[PDB]
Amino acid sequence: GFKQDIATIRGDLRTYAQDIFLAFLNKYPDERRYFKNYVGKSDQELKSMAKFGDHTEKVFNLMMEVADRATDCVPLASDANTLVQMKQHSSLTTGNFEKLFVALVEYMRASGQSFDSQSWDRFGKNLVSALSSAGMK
């Protein structure tokens, strides 16, 4: 289930983080505009950039902390607010987050692995609700 999925992802966090993030950019190529340092770079080029691995891992680490603190895929309002208030997220809208979770769920369903994809979809929906409540446009 969802708790096991957190363990699966955490076990190889950097690989899953990179693969899901690339799935996101591949599904929604226009989203690359928010990452000026990743524009015009192949996947292998990206993987050779210190910040790509470091930042992508740290994003997914925080995602997993939020997921683990949730009750029945309902995240803490405080966690949503952290995400809204981050300077790095100042120009984002809930639609950016919606897209990330659509891509994440698609990745899980396409994987040969037994992720609880329905729960990740619902977690994403609940997180979007919480972001909106915390003031994200």
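We number the residues from 1 along the sequence you see. What we label the rigid core is the largest C-alpha set whose atoms superpose within 1.5 Å from one form to the other.
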property	result
Which of 74-82 and 38-46 lies farther from this form in 6 other deposited structures of this protein, as RMS of C-alpha positions after a rigid core fit	38-46
Between 91-99 and 48-56, the one whose CA atoms sit farther away in 6 other deposited structures of this protein (rigid core aligned)	48-56
Of 112-120 and 17-25, the stretch whose C-alpha atoms average the higher B-factor in the entry	112-120
Higher-B stretch (mean Cα B-factor, as the entry records it), 102-110 or 86-94	86-94
Identity of residue with top Cα B-factor, from 57, 68, 79, 45	45
Record-listed C-alpha B factor of residue 134: chain third	highest
CA B-factor ranking of residue 40, expressed as a third of its chain	highest
